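One chain comes next, on its own, written as structure tokens: the form deposited without ligand FUM.
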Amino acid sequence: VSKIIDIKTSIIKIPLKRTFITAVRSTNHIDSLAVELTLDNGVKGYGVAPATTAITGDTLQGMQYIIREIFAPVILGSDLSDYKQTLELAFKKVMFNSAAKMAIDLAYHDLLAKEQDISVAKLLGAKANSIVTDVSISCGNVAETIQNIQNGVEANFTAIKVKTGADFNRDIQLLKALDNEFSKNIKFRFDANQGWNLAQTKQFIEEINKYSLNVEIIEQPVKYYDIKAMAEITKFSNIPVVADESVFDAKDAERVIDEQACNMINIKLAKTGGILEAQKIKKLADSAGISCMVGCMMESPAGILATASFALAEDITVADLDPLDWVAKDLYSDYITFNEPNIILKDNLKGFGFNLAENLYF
């Protein structure tokens, strides 16, 4: 019986090819915390999670403390086979900090897979190796946005995630410009990230229907907590409505299902606190006839790999996984081939297929 006898953490910063700007921040790098779990048979397993403070409230410094001083005492000396119980015991000691939980859950899955000499994708039941991602377009003036999208199409992406919600007038005018520069072979996914009110959302949808556009989803149009507005928009809309920030965990999923507040849930491991909780959401959604997609934070290729592994195992084909496009290929080329827009897992990896050698050891 294998027991976890050591836990290490390491901060990893990855430079971005271009400046990444959000509603609250501008940055040139990804902040991640990595965790290493060591079994008493020598096998090591790894998980890596982002510190996206504005979204999940995680900080590198908080995650490090939580894992070292709170999770570690519960985990150390425990049997690997008891992982579900161990994780439940550990996570109940910490409210929020879902990214810290993600790191730990991933490292456990890496161990489980390595103990069976298979990939995590295989452990989770995946057979297919490949998933299509959209390309993500930051907010901007109409002109530069049209150009960004054109660059995306020229790069072979046919699904375009267009961020909205910063400037409603801009969002409205964009639709005319889209209808004029693009055909139905381009699929649009809008994410307002909470930036619209109820009336604005309805209007934006109405505006869409005035044109000829292929629009797959409207994502998180209103505040994460306004579930009534989400339900009303879902009912009103002829386009699938996606809950993202409205759903972190399984109990959030239960609420949006009960209140009929979306057609589809955007699962992100950094919100769920890893694979176990993400599986619970997918199960609830399946039973409710609610679809799931996967998404991510601006995060390391390791996080992308874990997310793709989960999605392949769960028959989730809709993915917003673009951060691979923001970093140097040699970071992920050992486990992933990105032939846009296809994210393809490499053959025969044990566990996830990445190691921390450069960061931990060299």
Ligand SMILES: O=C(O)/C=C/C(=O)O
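Quick note: we count residues from 1 along the sequence shown, nothing fancier. In this text, rigid core is short for the largest set of C-alphas that superpose within 1.5 Å between two forms.
One more form of this protein, deposited with ligand FUM bound, exists but is not displayed; see below.
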Are all three of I55, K163 and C296 close to ligand FUM in the entry with it bound, meaning a heavy atom of each within 4.5 Å? yes
Verify the contact flag for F20: yes if a non-hydrogen atom of it lies within 4.5 Å of a non-hydrogen atom of ligand FUM in the entry with it bound, no if not. yes
Check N193 for me: does it contact ligand FUM in the entry with it bound (non-hydrogen atoms, 4.5 angstroms)? yes
With the partner left out here, check for me: in the entry with it bound, does some heavy atom of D244 sit within 4.5 Å of ligand FUM? yes
Indicate whether ligand FUM has at least one heavy atom within 4.5 Å of a heavy atom of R25 in the entry with it bound. yes
Within 4.5 Å of ligand FUM in the entry with it bound, counting heavy atoms only, one of 66-74, 327-335, 32-40, 297-305 shows up; tell me which. 297-305
Give, in sequence order, every residue of 245-281 that has a heavy atom within 4.5 Å of ligand FUM in the entry with it bound, or say none if there are no such residues. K268
For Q61, state whether the C-alpha moves by 2 Å or more between this form and the one not shown after rigid core superposition. no
Core-superposed comparison between this form and the one not shown, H29 Cα displacement 2 Å or beyond: yes
Once everything's superposed on the core, is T19 shifted 2 Å or more at the Cα between this form and the one not shown? yes
